[PDB]
Amino acid sequence: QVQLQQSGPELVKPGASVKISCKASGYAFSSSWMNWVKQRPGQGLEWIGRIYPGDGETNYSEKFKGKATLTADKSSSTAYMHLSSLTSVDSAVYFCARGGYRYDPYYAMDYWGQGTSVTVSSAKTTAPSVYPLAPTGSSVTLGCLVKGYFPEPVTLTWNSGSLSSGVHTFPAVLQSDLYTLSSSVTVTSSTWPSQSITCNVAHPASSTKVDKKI
Amino acid sequence: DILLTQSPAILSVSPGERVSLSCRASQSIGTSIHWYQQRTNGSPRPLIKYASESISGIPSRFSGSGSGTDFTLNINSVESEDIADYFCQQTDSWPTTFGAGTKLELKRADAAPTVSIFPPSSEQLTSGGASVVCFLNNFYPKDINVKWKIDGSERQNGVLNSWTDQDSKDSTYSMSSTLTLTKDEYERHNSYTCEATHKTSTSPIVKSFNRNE
Amino acid sequence: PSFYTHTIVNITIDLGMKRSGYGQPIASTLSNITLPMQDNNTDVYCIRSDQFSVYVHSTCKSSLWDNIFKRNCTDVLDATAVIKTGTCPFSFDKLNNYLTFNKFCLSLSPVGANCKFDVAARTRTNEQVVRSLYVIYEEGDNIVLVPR
Ligand SMILES: *[C@@H]1O[C@H](CO)[C@@H](O[C@@H]2O[C@H](CO)[C@@H](O)[C@H](O)[C@H]2NC(C)=O)[C@H](O)[C@H]1NC(C)=O
Ligand SMILES: *[C@@H]1O[C@H](CO)[C@@H](O[C@@H]2O[C@H](CO)[C@@H](O)[C@H](O)[C@H]2NC(C)=O)[C@H](O)[C@H]1NC(C)=O
């Protein structure tokens, strides 16, 4: 029952190093190749290199030599990948994936891990700045702007979950060192301005602000 | 460094349709190519192996074809769970490369963007802070195009655009353009039309304002 | 031991190498092997002698998108051609005492051959059969093979 559990999300400063974990189970961890693949947020898959735990035979793509180090604790069933001198371009989600038996040259990668998100950033924990958005057919549409926060994610609701219809929450964008996203809610002029509608922005920076509209 | 090319980048499909995806290698690779699927927020998964070989657990609708430099991924009758990114992988020549990927969207009837513009709020301007936004909610097709301008002509030092992946409800796309500025760069007022253009029609639609009301 | 004549055979096995997408070494089929000429014929070489020794000469070449067998063959991709007991009872290596034949011929063509030798490419990482050395022989006590 093959599965690969990867380590949690990392959030690291530039010039520092990281080491990702990948514990395998359901098959013989020592007899199958373990590949590592880099996926960048907008883009495709970049093969990093493989390692055969049976000894520790270690390959690498030219692009990744010196940056990625692969190890495997045989009796631990866990496979690791160490990255050095992290940079903005190193930010991404890294998959660990299963391959063929020793002398297989052309295998497809069998089972993959849930992925590990690695963000490289110089930025410090900053709390979000929220602002109200105001201006029929008649569905009135109103936003709620959050700006200047870090890290992600931010979680946004409306009227405390008692409203889920014309709501969108645009993917966060990097504007600066910091993020900015907007929400959109649409309703009938009947209820608003007539009844209170407050957006709810939360930030695991153990922080939270609620805004109304006028 | 053999380059794989998938065409087209994006493919509109409806449930039940027949579909074919494409992958062309720089050079011959025999049948040493694999196909992977990756649903949103998900992890890649092998659909077809050695481009024709079927994989245990994969539904009958997936099949592979090709040998040499041309390859194709086939989906007999498209299902809703089939919306995803598809990547071909070359495993013949070192090192093993992937294609840019082909993304599947859901096809629906066209629709126009509800544009809603917004003035800076009273806290923003306090913080010497400012910024002006524009929603273009619930439209299609995705392929759209925006224009800010101030007392007429173009302005485009820093606008940030964010996009919304297809809606799992109405199957439409929404977009936010935000235009962040200082206040004196803003006390320099004149006019803030966020025009919009879209296949939908040659209405550049505008919504605008001067200083408030 | 003693001989009246001792022909020594120099076999050249030029093995070509490629590597797969995951950096796996792959010995190209039709790495070339060449036998000494002999008569209005080269393809096969019978040993007209009461004793003989064999000398393998290996050469490796790398390859990419092409089969342009131009390049060194360094890192794992290296190679040393090895000759292996294919389908015939004798090894072609040192098992103490000596091979004995009344006849012994190496053919590049599988015609009328008694058995094969599996010419392969040894590397740190794995070993891979590339071509076949066909060998026509007759059990006897006239010809004697020495190492190697
Ligand atoms: C066996 O024959 C091969 C040719 O099949 C000889 O190859 C030569 O290798 C030397 C270096 O060892 C080079 O200088 C020559 O240029 C090669 N010649 C050719 C024609 O390839 C090899 O010398 C022979 N080995 C012995 C010891 O007889
Ligand atoms: C084995 O022999 C053939 C020649 O008889 C070689 O194949 C040629 O190789 C060169 C490049 O290496 C090409 O220019 C020719 O077009 C090839 N000819 C044929 C018939 O394919 C081959 O390279 C040799 N193998 C090795 C390992 O050198």
# chains A, B, ... in the order shown; residues from 1 in each chain; ligands from 1
$ interface_residues --of "chain C" --to "chain B" --cutoff "9 Å" --atoms "only C-alpha atoms" --output "PyMOL selection string"
chain C and resi 18-24+64-66
$ residues_near_ligand --ligand "ligand 1" --cutoff "6 Å" --atoms "only C-alpha atoms and all ligand atoms" --output "list in words"
residues 10, 12 and 57 of chain C
$ residues_near_ligand --ligand "ligand 2" --cutoff "10 Å" --atoms "only C-alpha atoms and all ligand atoms" --output "PyMOL selection string"
chain C and resi 13-17+27-34+59-63+66-71
$ write_last_selection --atoms "N, CA, C and O atoms" --output "mmCIF file, in the first residue's frame"
data_model
loop_
_atom_site.group_PDB
_atom_site.id
_atom_site.type_symbol
_atom_site.label_atom_id
_atom_site.label_comp_id
_atom_site.auth_asym_id
_atom_site.auth_seq_id
_atom_site.Cartn_x
_atom_site.Cartn_y
_atom_site.Cartn_z
ATOM 1 N N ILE C 13 37.362 -4.627 -29.213
ATOM 2 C CA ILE C 13 35.942 -4.443 -28.958
ATOM 3 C C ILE C 13 35.652 -2.981 -28.632
ATOM 4 O O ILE C 13 35.759 -2.566 -27.481
ATOM 5 N N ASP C 14 35.303 -2.201 -29.654
ATOM 6 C CA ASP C 14 34.941 -0.796 -29.479
ATOM 7 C C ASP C 14 33.492 -0.637 -29.010
ATOM 8 O O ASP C 14 32.572 -0.586 -29.827
ATOM 9 N N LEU C 15 33.280 -0.550 -27.702
ATOM 10 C CA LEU C 15 31.923 -0.391 -27.192
ATOM 11 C C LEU C 15 31.463 1.063 -27.100
ATOM 12 O O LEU C 15 32.173 1.921 -26.579
ATOM 13 N N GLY C 16 30.272 1.331 -27.626
ATOM 14 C CA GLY C 16 29.680 2.651 -27.536
ATOM 15 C C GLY C 16 28.695 2.746 -26.387
ATOM 16 O O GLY C 16 27.998 1.779 -26.080
ATOM 17 N N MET C 17 28.630 3.912 -25.754
ATOM 18 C CA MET C 17 27.792 4.090 -24.572
ATOM 19 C C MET C 17 26.924 5.344 -24.623
ATOM 20 O O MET C 17 27.356 6.405 -25.075
ATOM 21 N N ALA C 27 24.843 0.460 -22.761
ATOM 22 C CA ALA C 27 25.779 0.020 -23.787
ATOM 23 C C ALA C 27 25.077 -0.176 -25.126
ATOM 24 O O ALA C 27 24.224 -1.055 -25.268
ATOM 25 N N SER C 28 25.440 0.656 -26.099
ATOM 26 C CA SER C 28 24.808 0.632 -27.411
ATOM 27 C C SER C 28 25.003 -0.729 -28.056
ATOM 28 O O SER C 28 26.102 -1.269 -28.044
ATOM 29 N N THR C 29 23.931 -1.288 -28.605
ATOM 30 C CA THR C 29 24.046 -2.543 -29.332
ATOM 31 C C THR C 29 24.674 -2.254 -30.691
ATOM 32 O O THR C 29 24.257 -1.338 -31.403
ATOM 33 N N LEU C 30 25.697 -3.028 -31.030
ATOM 34 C CA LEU C 30 26.602 -2.693 -32.130
ATOM 35 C C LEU C 30 27.678 -1.672 -31.754
ATOM 36 O O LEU C 30 28.050 -0.794 -32.538
ATOM 37 N N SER C 31 28.140 -1.792 -30.516
ATOM 38 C CA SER C 31 29.519 -1.502 -30.201
ATOM 39 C C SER C 31 30.214 -2.497 -31.105
ATOM 40 O O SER C 31 29.694 -3.595 -31.301
ATOM 41 N N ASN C 32 31.349 -2.135 -31.685
ATOM 42 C CA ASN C 32 31.957 -3.002 -32.680
ATOM 43 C C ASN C 32 33.066 -3.855 -32.129
ATOM 44 O O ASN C 32 33.836 -3.418 -31.269
ATOM 45 N N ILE C 33 33.131 -5.081 -32.634
ATOM 46 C CA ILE C 33 34.247 -5.962 -32.344
ATOM 47 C C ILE C 33 34.876 -6.477 -33.639
ATOM 48 O O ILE C 33 34.181 -6.892 -34.570
ATOM 49 N N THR C 34 36.202 -6.437 -33.694
ATOM 50 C CA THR C 34 36.916 -6.791 -34.913
ATOM 51 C C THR C 34 37.913 -7.924 -34.685
ATOM 52 O O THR C 34 38.707 -7.902 -33.741
ATOM 53 N N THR C 59 37.726 -0.208 -26.154
ATOM 54 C CA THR C 59 37.672 1.230 -26.374
ATOM 55 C C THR C 59 36.232 1.674 -26.200
ATOM 56 O O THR C 59 35.319 1.096 -26.791
ATOM 57 N N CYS C 60 36.028 2.696 -25.378
ATOM 58 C CA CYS C 60 34.689 3.230 -25.161
ATOM 59 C C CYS C 60 34.508 4.613 -25.769
ATOM 60 O O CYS C 60 35.432 5.426 -25.777
ATOM 61 N N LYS C 61 33.299 4.874 -26.255
ATOM 62 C CA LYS C 61 32.938 6.182 -26.765
ATOM 63 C C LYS C 61 31.534 6.531 -26.270
ATOM 64 O O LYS C 61 30.652 5.674 -26.229
ATOM 65 N N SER C 62 31.337 7.787 -25.879
ATOM 66 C CA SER C 62 30.031 8.241 -25.417
ATOM 67 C C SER C 62 29.140 8.681 -26.569
ATOM 68 O O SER C 62 29.570 8.743 -27.723
ATOM 69 N N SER C 63 27.890 8.993 -26.241
ATOM 70 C CA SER C 63 26.917 9.402 -27.245
ATOM 71 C C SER C 63 25.740 10.150 -26.622
ATOM 72 O O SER C 63 25.415 9.946 -25.453
ATOM 73 N N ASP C 66 22.500 11.910 -30.584
ATOM 74 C CA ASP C 66 22.909 11.185 -31.766
ATOM 75 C C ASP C 66 23.387 9.800 -31.387
ATOM 76 O O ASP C 66 23.406 9.423 -30.217
ATOM 77 N N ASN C 67 23.758 9.039 -32.405
ATOM 78 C CA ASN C 67 24.854 8.106 -32.272
ATOM 79 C C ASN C 67 25.976 8.779 -33.039
ATOM 80 O O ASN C 67 26.171 8.530 -34.226
ATOM 81 N N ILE C 68 26.632 9.719 -32.369
ATOM 82 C CA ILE C 68 27.864 10.317 -32.842
ATOM 83 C C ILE C 68 28.857 9.887 -31.790
ATOM 84 O O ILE C 68 29.037 10.570 -30.787
ATOM 85 N N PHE C 69 29.470 8.730 -31.987
ATOM 86 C CA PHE C 69 30.175 8.124 -30.881
ATOM 87 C C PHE C 69 31.433 8.871 -30.471
ATOM 88 O O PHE C 69 32.310 8.319 -29.816
ATOM 89 N N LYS C 70 31.477 10.148 -30.831
ATOM 90 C CA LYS C 70 32.471 11.068 -30.315
ATOM 91 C C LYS C 70 32.241 11.504 -28.870
ATOM 92 O O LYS C 70 31.268 12.181 -28.534
ATOM 93 N N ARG C 71 33.165 11.059 -28.035
ATOM 94 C CA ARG C 71 33.504 11.677 -26.771
ATOM 95 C C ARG C 71 34.182 10.675 -25.869
ATOM 96 O O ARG C 71 34.098 9.459 -26.056
#
$ residues_around --residues "stretch 145-159 of chain A" --least-positions-apart "5" --cutoff "9 Å" --atoms "only C-alpha atoms" --output "number ranges by chain"
A: 11, 123-133, 164, 167, 169, 172, 175-183, 185, 196-205; B: 133
$ write_last_selection --atoms "C-alpha atoms" --output "CSV table (one decimal), in the first residue's frame"
chain,number,residue,atom,x,y,z
A,11,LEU,CA,9.9,29.1,5.3
A,123,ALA,CA,10.7,39.0,4.8
A,124,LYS,CA,9.5,39.0,8.5
A,125,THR,CA,6.2,38.2,10.0
A,126,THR,CA,4.0,41.3,9.4
A,127,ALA,CA,0.3,41.5,10.1
A,128,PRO,CA,-2.1,42.4,7.3
A,129,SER,CA,-3.6,45.8,6.5
A,130,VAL,CA,-7.3,45.5,5.7
A,131,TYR,CA,-9.4,48.1,3.9
A,132,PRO,CA,-13.1,48.3,2.9
A,133,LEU,CA,-14.2,48.4,-0.7
A,164,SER,CA,-21.3,32.4,0.5
A,167,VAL,CA,-17.8,35.7,-3.1
A,169,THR,CA,-11.0,35.6,-3.1
A,172,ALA,CA,-2.5,36.5,-3.3
A,175,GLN,CA,3.6,43.3,-4.7
A,176,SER,CA,6.7,44.1,-2.7
A,177,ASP,CA,8.4,42.0,-0.1
A,178,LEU,CA,4.8,41.4,0.9
A,179,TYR,CA,1.4,40.1,-0.3
A,180,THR,CA,-1.9,41.6,-1.4
A,181,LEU,CA,-5.2,40.0,-2.2
A,182,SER,CA,-8.8,41.1,-2.6
A,183,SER,CA,-12.2,39.6,-2.0
A,185,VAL,CA,-18.9,39.8,-2.6
A,196,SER,CA,-24.4,44.9,8.0
A,197,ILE,CA,-21.9,43.0,5.8
A,198,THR,CA,-18.4,42.5,7.3
A,199,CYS,CA,-15.5,40.7,5.7
A,200,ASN,CA,-13.3,38.6,8.0
A,201,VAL,CA,-9.6,38.5,7.5
A,202,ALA,CA,-7.5,36.1,9.6
A,203,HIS,CA,-3.7,35.7,9.7
A,204,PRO,CA,-2.0,32.8,11.5
A,205,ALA,CA,0.3,35.6,12.7
B,133,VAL,CA,-8.9,48.5,-7.4
$ residues_around --residues "residue B:116" --least-positions-apart "3" --cutoff "10 Å" --atoms "only C-alpha atoms" --output "number ranges by chain"
A: 134-135, 140-143, 184; B: 113, 133-137, 176, 194, 206-208
$ residues_around --residues "stretch 128-143 of chain C" --least-positions-apart "3" --cutoff "10 Å" --atoms "only C-alpha atoms" --output "PyMOL selection string"
chain C and resi 3+6+13+15-16+25-33+44-52+81-88+99-123
$ select_by_dssp --residues "stretch 38-155 of chain B" --states "helix (DSSP H, G or I)" --output "PyMOL selection string"
chain B and resi 80-82+122-126
$ interface_residues --of "chain B" --to "chain A" --cutoff "8 Å" --atoms "only C-alpha atoms" --output "PyMOL selection string"
chain B and resi 32+34+42-46+49+87+91-92+95-101+116-121+123-124+135+160-164+174-176
$ write_last_selection --atoms "N, CA and C atoms" --output "compact mmCIF listing (two decimals), in the first residue's frame"
# COMPACT_ATOMS: atom_id res chain seq x y z
N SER B 32 10.12 5.53 -25.09
CA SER B 32 10.53 5.94 -23.76
C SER B 32 9.93 7.28 -23.33
N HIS B 34 6.47 9.01 -20.97
CA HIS B 34 5.39 8.73 -20.04
C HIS B 34 4.46 9.92 -19.98
N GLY B 42 -2.83 19.09 -6.30
CA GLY B 42 -2.50 17.68 -6.20
C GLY B 42 -1.06 17.34 -6.55
N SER B 43 -0.81 16.04 -6.68
CA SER B 43 0.51 15.53 -6.98
C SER B 43 0.42 14.76 -8.30
N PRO B 44 1.48 14.82 -9.12
CA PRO B 44 1.48 14.11 -10.41
C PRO B 44 1.11 12.63 -10.28
N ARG B 45 0.67 12.03 -11.38
CA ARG B 45 0.26 10.63 -11.40
C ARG B 45 0.39 10.07 -12.81
N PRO B 46 0.94 8.86 -12.94
CA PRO B 46 1.22 8.22 -14.23
C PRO B 46 -0.04 7.67 -14.87
N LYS B 49 2.10 4.66 -19.71
CA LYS B 49 3.50 4.32 -19.55
C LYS B 49 4.07 3.91 -20.91
N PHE B 87 1.27 16.37 -18.22
CA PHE B 87 2.67 16.52 -18.57
C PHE B 87 3.20 15.26 -19.23
N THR B 91 12.23 9.98 -21.22
CA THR B 91 13.10 9.23 -20.32
C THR B 91 14.25 8.54 -21.07
N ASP B 92 14.36 8.84 -22.36
CA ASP B 92 15.34 8.20 -23.23
C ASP B 92 16.75 8.79 -23.07
N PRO B 95 19.49 14.58 -19.68
CA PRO B 95 18.67 14.07 -18.58
C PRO B 95 17.19 14.02 -18.94
N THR B 96 16.41 13.38 -18.08
CA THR B 96 14.98 13.20 -18.32
C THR B 96 14.21 14.51 -18.23
N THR B 97 13.58 14.90 -19.33
CA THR B 97 12.86 16.17 -19.39
C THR B 97 11.33 16.05 -19.38
N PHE B 98 10.67 17.12 -18.94
CA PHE B 98 9.21 17.18 -18.98
C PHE B 98 8.74 18.27 -19.96
N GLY B 99 7.51 18.14 -20.44
CA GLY B 99 6.92 19.17 -21.27
C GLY B 99 6.33 20.30 -20.42
N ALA B 100 6.05 21.43 -21.06
CA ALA B 100 5.46 22.58 -20.36
C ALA B 100 4.10 22.23 -19.75
N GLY B 101 3.44 21.23 -20.32
CA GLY B 101 2.14 20.79 -19.84
C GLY B 101 0.95 21.36 -20.59
N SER B 116 -16.35 46.43 -11.53
CA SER B 116 -16.66 47.27 -10.38
C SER B 116 -15.38 47.95 -9.92
N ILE B 117 -15.34 49.27 -10.00
CA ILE B 117 -14.14 50.01 -9.62
C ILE B 117 -14.26 50.52 -8.19
N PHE B 118 -13.13 50.74 -7.53
CA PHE B 118 -13.17 51.20 -6.15
C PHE B 118 -12.13 52.27 -5.85
N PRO B 119 -12.57 53.35 -5.18
CA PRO B 119 -11.73 54.43 -4.66
C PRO B 119 -10.99 54.01 -3.41
N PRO B 120 -9.82 54.61 -3.17
CA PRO B 120 -9.08 54.41 -1.92
C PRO B 120 -9.98 54.69 -0.72
N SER B 121 -9.78 53.94 0.36
CA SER B 121 -10.54 54.16 1.58
C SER B 121 -9.86 55.20 2.48
N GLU B 123 -8.70 54.94 5.55
CA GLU B 123 -7.55 54.48 6.32
C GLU B 123 -6.33 54.48 5.42
N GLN B 124 -6.53 54.01 4.20
CA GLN B 124 -5.44 54.00 3.25
C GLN B 124 -4.86 55.40 3.19
N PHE B 135 -12.65 45.08 -10.00
CA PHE B 135 -13.07 43.70 -10.12
C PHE B 135 -13.66 43.47 -11.50
N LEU B 160 -0.94 45.64 -10.39
CA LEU B 160 -0.81 44.22 -10.15
C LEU B 160 -2.11 43.52 -10.52
N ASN B 161 -1.99 42.48 -11.33
CA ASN B 161 -3.15 41.71 -11.74
C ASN B 161 -3.10 40.31 -11.14
N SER B 162 -4.23 39.88 -10.59
CA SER B 162 -4.36 38.52 -10.09
C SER B 162 -5.51 37.87 -10.83
N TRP B 163 -5.43 36.56 -11.02
CA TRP B 163 -6.45 35.84 -11.77
C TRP B 163 -7.02 34.70 -10.94
N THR B 164 -8.24 34.29 -11.28
CA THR B 164 -8.92 33.24 -10.56
C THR B 164 -9.04 32.01 -11.42
N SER B 174 -12.77 35.06 -12.80
CA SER B 174 -12.80 36.43 -12.28
C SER B 174 -11.38 36.97 -12.14
N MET B 175 -11.22 38.28 -12.21
CA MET B 175 -9.90 38.89 -12.11
C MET B 175 -9.90 40.20 -11.34
N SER B 176 -8.83 40.45 -10.60
CA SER B 176 -8.69 41.71 -9.87
C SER B 176 -7.45 42.46 -10.32
$ atom_distance --atom1 "atom CA of residue B:37" --atom2 "atom CA of residue B:3"
19.3 Å
$ atom_distance --atom1 "atom CA of residue B:170" --atom2 "atom CA of residue B:147"
25.7 Å
$ select_by_dssp --residues "stretch 134-212 of chain A" --states "strand (DSSP E)" --output "compact mmCIF listing (two decimals) with N, CA, C and O atoms, in the first residue's frame"
# COMPACT_ATOMS: atom_id res chain seq x y z
N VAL A 140 -25.33 44.30 -6.01
CA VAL A 140 -24.24 45.20 -5.68
C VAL A 140 -23.02 44.36 -5.36
O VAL A 140 -23.13 43.33 -4.69
N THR A 141 -21.85 44.79 -5.83
CA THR A 141 -20.62 44.04 -5.62
C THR A 141 -19.62 44.85 -4.81
O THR A 141 -19.29 45.98 -5.16
N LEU A 142 -19.13 44.24 -3.75
CA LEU A 142 -18.28 44.93 -2.80
C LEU A 142 -17.07 44.10 -2.45
O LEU A 142 -17.15 42.88 -2.28
N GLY A 143 -15.93 44.77 -2.35
CA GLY A 143 -14.68 44.11 -2.06
C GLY A 143 -14.17 44.33 -0.65
O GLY A 143 -14.77 45.05 0.14
N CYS A 144 -13.06 43.68 -0.34
CA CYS A 144 -12.39 43.89 0.92
C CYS A 144 -10.92 43.67 0.64
O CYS A 144 -10.50 42.57 0.29
N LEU A 145 -10.13 44.74 0.74
CA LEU A 145 -8.73 44.68 0.38
C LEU A 145 -7.80 44.41 1.56
O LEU A 145 -7.85 45.10 2.58
N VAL A 146 -6.95 43.40 1.42
CA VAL A 146 -5.90 43.16 2.40
C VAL A 146 -4.55 43.41 1.73
O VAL A 146 -4.38 43.11 0.55
N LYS A 147 -3.60 43.96 2.48
CA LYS A 147 -2.35 44.41 1.88
C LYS A 147 -1.20 44.43 2.89
O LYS A 147 -1.41 44.66 4.08
N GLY A 148 0.01 44.19 2.40
CA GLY A 148 1.21 44.31 3.20
C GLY A 148 1.39 43.25 4.28
O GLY A 148 1.83 43.56 5.39
N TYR A 149 1.05 42.00 3.96
CA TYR A 149 1.20 40.93 4.94
C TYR A 149 2.24 39.88 4.56
O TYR A 149 2.72 39.84 3.42
N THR A 155 -6.90 33.86 5.51
CA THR A 155 -8.21 33.27 5.35
C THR A 155 -9.29 34.33 5.52
O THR A 155 -9.31 35.05 6.51
N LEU A 156 -10.17 34.42 4.53
CA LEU A 156 -11.19 35.47 4.51
C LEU A 156 -12.62 34.95 4.37
O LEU A 156 -12.93 34.18 3.46
N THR A 157 -13.50 35.37 5.28
CA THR A 157 -14.90 34.98 5.23
C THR A 157 -15.76 36.23 5.13
O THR A 157 -15.24 37.34 5.10
N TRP A 158 -17.08 36.04 5.09
CA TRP A 158 -18.01 37.16 5.07
C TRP A 158 -19.18 36.93 6.02
O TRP A 158 -19.76 35.84 6.06
N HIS A 168 -15.64 35.82 -4.17
CA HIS A 168 -14.38 35.33 -4.72
C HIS A 168 -13.26 35.84 -3.82
O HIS A 168 -13.39 36.90 -3.21
N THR A 169 -12.17 35.08 -3.74
CA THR A 169 -10.98 35.56 -3.06
C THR A 169 -9.76 35.39 -3.98
O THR A 169 -9.18 34.30 -4.06
N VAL A 173 -1.06 38.08 -4.46
CA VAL A 173 0.00 38.49 -5.36
C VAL A 173 1.12 39.10 -4.55
O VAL A 173 0.88 39.76 -3.53
N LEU A 174 2.35 38.87 -4.99
CA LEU A 174 3.50 39.51 -4.40
C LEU A 174 3.63 40.87 -5.06
O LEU A 174 3.75 40.97 -6.28
N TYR A 179 2.59 40.49 0.47
CA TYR A 179 1.45 40.06 -0.34
C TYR A 179 0.27 41.03 -0.35
O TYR A 179 0.18 41.94 0.48
N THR A 180 -0.65 40.81 -1.29
CA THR A 180 -1.90 41.57 -1.37
C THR A 180 -2.95 40.79 -2.16
O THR A 180 -2.71 40.38 -3.30
N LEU A 181 -4.11 40.57 -1.54
CA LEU A 181 -5.23 39.96 -2.25
C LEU A 181 -6.50 40.74 -1.98
O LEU A 181 -6.55 41.58 -1.09
N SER A 182 -7.52 40.47 -2.78
CA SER A 182 -8.80 41.13 -2.62
C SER A 182 -9.92 40.11 -2.65
O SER A 182 -9.81 39.09 -3.32
N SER A 183 -10.99 40.38 -1.91
CA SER A 183 -12.19 39.57 -1.99
C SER A 183 -13.31 40.32 -2.68
O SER A 183 -13.33 41.55 -2.71
N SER A 184 -14.26 39.58 -3.23
CA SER A 184 -15.39 40.19 -3.90
C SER A 184 -16.67 39.54 -3.43
O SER A 184 -16.80 38.32 -3.44
N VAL A 185 -17.63 40.35 -3.00
CA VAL A 185 -18.94 39.84 -2.63
C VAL A 185 -20.04 40.59 -3.39
O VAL A 185 -19.95 41.80 -3.58
N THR A 186 -21.06 39.86 -3.82
CA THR A 186 -22.13 40.46 -4.61
C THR A 186 -23.48 40.07 -4.03
O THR A 186 -23.73 38.90 -3.75
N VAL A 187 -24.35 41.05 -3.86
CA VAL A 187 -25.64 40.83 -3.23
C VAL A 187 -26.62 41.88 -3.73
O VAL A 187 -26.25 42.75 -4.51
N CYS A 199 -16.46 41.74 6.17
CA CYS A 199 -15.50 40.74 5.72
C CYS A 199 -14.61 40.35 6.89
O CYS A 199 -14.34 41.15 7.77
N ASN A 200 -14.15 39.10 6.89
CA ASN A 200 -13.33 38.59 7.99
C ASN A 200 -11.96 38.09 7.57
O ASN A 200 -11.83 37.00 7.01
N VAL A 201 -10.93 38.88 7.84
CA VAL A 201 -9.56 38.51 7.50
C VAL A 201 -8.80 37.97 8.70
O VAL A 201 -8.69 38.62 9.74
N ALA A 202 -8.29 36.75 8.56
CA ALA A 202 -7.48 36.14 9.60
C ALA A 202 -6.06 35.88 9.09
O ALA A 202 -5.87 35.60 7.91
N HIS A 203 -5.10 35.94 10.00
CA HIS A 203 -3.70 35.70 9.68
C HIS A 203 -3.10 34.91 10.82
O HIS A 203 -3.04 35.41 11.95
N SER A 207 -3.50 36.80 14.48
CA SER A 207 -4.02 38.14 14.28
C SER A 207 -5.32 38.06 13.48
O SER A 207 -5.53 37.11 12.73
N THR A 208 -6.18 39.06 13.64
CA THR A 208 -7.50 39.02 13.01
C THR A 208 -8.21 40.37 13.10
O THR A 208 -8.30 40.96 14.18
N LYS A 209 -8.70 40.85 11.96
CA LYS A 209 -9.48 42.08 11.93
C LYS A 209 -10.75 41.92 11.09
O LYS A 209 -10.74 41.23 10.07
N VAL A 210 -11.83 42.55 11.53
CA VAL A 210 -13.08 42.53 10.79
C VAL A 210 -13.46 43.94 10.33
O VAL A 210 -13.38 44.90 11.11
N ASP A 211 -13.86 44.07 9.07
CA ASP A 211 -14.24 45.36 8.51
C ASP A 211 -15.68 45.36 8.01
O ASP A 211 -16.15 44.38 7.44
$ atom_distance --atom1 "atom CA of residue C:42" --atom2 "atom CA of residue C:145"
21.5 Å
$ residues_around --residues "stretch 81-84 of chain A" --least-positions-apart "2" --cutoff "6 Å" --atoms "only C-alpha atoms" --output "PyMOL selection string"
chain A and resi 17-20+67-70+86
$ closest_residue --among "C:41, C:148, C:76, C:58" --to "chain A" --atoms "only C-alpha atoms"
C:76
